């Protein structure tokens, strides 16, 4: 594994060359809040369908030029997934010779924006990547400025929609169009002591990378109190002796608790529904009462859906299960730990949040991890919160089974030791709120083309 780098999302001018209108129907996805905007957008499309999701599909989808989604310009309820089936149906049933999907947000990107407006985060991640999963699509996320008037915004939208671009992600700042790309962090491509009476909280800490982090913090940062959370409820401690010769995942967890406790660490392995406000409150009160204040959080709770790959074959329910730990779960956890004396709050995101080619066949996972990226950017002022867009870990967790796009990306799969060193640097330094640490074979690596 050759060369370490740290990539962050940067922006450069990408002017539109021509904007030729069509006459096929354009769908306009909105909600009650964004309906006035949607009406203004609609005046640029003589042929349109306004789909207000807060008001089923008997549509001749093959007659459409595409869809403009402006729900991300309002509140954009992360828990309401009804909008998804409109996108799926258009993607599946639409013309195979080109159709356009355009997602518009307002002030979601931190570029030339001192105040991230946390709306549209999961949806941006979907639209960024759909053209890599479906070769016939042109799909784009566009971020406008929060100040932009509806009339001006509608004009920008219409030109963008019918543009000659295949850029995955763009923003407009002071009337100028910019495209997103990845680049080695600007200058940095020490550490304080973790207090012995504070607790390190690790969600998804019971196996995989999170457990590896647990061992690492106990060994190298002198952590004395660990709370490791997952979904499984371990049996009472009195039962544990019956699992000595078991080869089960539960046996391994029990053994891991014992090995940590041998290092002189107090360890609790808990079941916690992270999106359940009442349970998270109660559990956090228990920790604070009986162990001590929270000195750090590592958010590893996460699932990939390995059964249903195609976006158009996923149900709302499937998608919700993948989002839950990273979206609702993260938000709920944050509300109950943001006033603790945190040294760090590290989110385990993925290269699939941001590299469209790797998102393919796992669109819901890209949505989930994308939300965490923006969440860190939006809350960096209030908490030492960092989203890490991890590459594949070769030796622990979900494992590798890496595909051609991953190999073709020039990303390498990383060792545990590589990953932990990456983590230590990310905590010790200011790479900013979102960073993609990669091991790359330097000869054959063009980070600046990763998002194209």
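Numbering follows the first chain given and starts at 1.
Coordinates are given for every deposited residue between residue 407 and residue 408; the gap count there is zero. The deposited sequence places no unmodelled residues between residue 195 and residue 196, so the chain runs continuously there. Higher mean CA temperature factor between 211-219 and 260-268: 260-268, per the PDB entry. Looking at mean Cα B-factors across 303-311 and 121-129, the upper value is held by 303-311.
When the C-alpha B-factors of 369, 203, 115, 163 are read from the PDB record, the largest value belongs to 115. Listed residues 177, 231, 141, 96 were ranked by CA B-factor as deposited; 96 comes out on top. Ranked against the other modelled residues of its chain, the C-alpha B-factor of residue 279 as given in the entry falls in the middle third.
Ranked against the other modelled residues of its chain, the C-alpha B-factor of residue 135 as given in the entry falls in the highest third.
Among the modelled residues of the chain, residue 89 sits in the lowest third by CA temperature factor in this PDB entry. Compared with the other modelled residues of the chain, the Cα B-factor recorded for residue 424 ranks in the middle third.
Ranked by Cα temperature factor within the chain, residue 411 sits in the highest third according to the deposited record.
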